[PDB]
Amino acid sequence: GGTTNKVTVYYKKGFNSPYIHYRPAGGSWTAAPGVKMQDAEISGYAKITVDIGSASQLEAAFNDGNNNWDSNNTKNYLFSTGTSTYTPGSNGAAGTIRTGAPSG
């Protein structure tokens, strides 16, 4: 079903110009690379919105665009509509997403 929802994910930059690739509940894989993280509204942050007028979960991946992919522990993660935050992490955090509107 689903009408027309959207998934907002905030990514913490970063590198230089990394690209993100996501798709609807295992449906179609947008033109790789998906889309270039859209800067947020904070300062130095990134944000992207994906519609899912039928999908309740969408997967997104992170790649520098140079054979530098950063899936997770298999392929990717499942994200739902609302507010989410994508963080690659450096410490003992291998690809993690935190729900809730981020603030700095």
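All Cβ positions, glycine included, derive from the backbone under ideal geometry; neighbour counts span all protein chains shown. Just so you know, all these numbers are worked out from the coordinates, no wet-lab data involved.
Details
- Residue in region 19-33 that is closer than 17 Å to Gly100 by Cα and touching a residue at least 12 places away in the same chain (Cβ under 8 Å) present: no
- Those residues of region 1-33 which are in a strand (DSSP E or B) and either on the phi > 0 side of the Ramachandran plot or of a type in the set (D, E, K, R) (or both), in sequence order: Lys6, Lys12, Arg23
- Selection status of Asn67, free of Cβ contacts under 8 Å to residues at least 40 places away in the same chain and at positive phi: yes
- Residues that are out of contact with any strand residue (DSSP E or B) (no Cβ under 6 Å at 6 or more places or on another chain), surrounded by 13 or more Cβ atoms within 10 Å (Cβ to Cβ) and under 19 Å from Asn68 (Cβ atoms), drawn from region 1-27: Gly14, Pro18
- Region 37-60, residues that are under 22 Å from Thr4 (Cα atoms) and either outside any loop (DSSP other than H, G, I, E, B) or among the acidic types (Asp, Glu) (or both): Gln38, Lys47, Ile48, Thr49, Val50, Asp51, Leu58, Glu59, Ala60
- Taking the conditions (1) aliphatic (A, V, I, L, M); (2) in contact with a strand residue (DSSP E or B) (Cβ under 8 Å, 6 or more places away or on another chain); (3) without any contact (Cβ under 8 Å) to a residue 40 or more places away in the chain in turn, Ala61 satisfies each one other than (3).
- Condition broken by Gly53, with the remaining ones in (1) surrounded by 13 or more Cβ atoms within 10 Å (Cβ to Cβ); (2) more than 11 Å from the chain's Cα centre (by Cα); (3) not basic (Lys, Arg) satisfied: (1)
- Here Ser71 does not fit the description of being out of contact with any strand residue (DSSP E or B) (no Cβ under 7 Å at 6 or more places or on another chain) and within 17 Å of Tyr11 (Cβ to Cβ).
- Qualifying residue in region 79-99 (condition: outside any strand (DSSP E or B), loosely packed, with under 10 Cβ neighbours inside 10 Å, touching a residue at least 12 places away in the same chain (Cβ under 8 Å) and more than 10 Å from the chain's Cα centre (by Cα)): no
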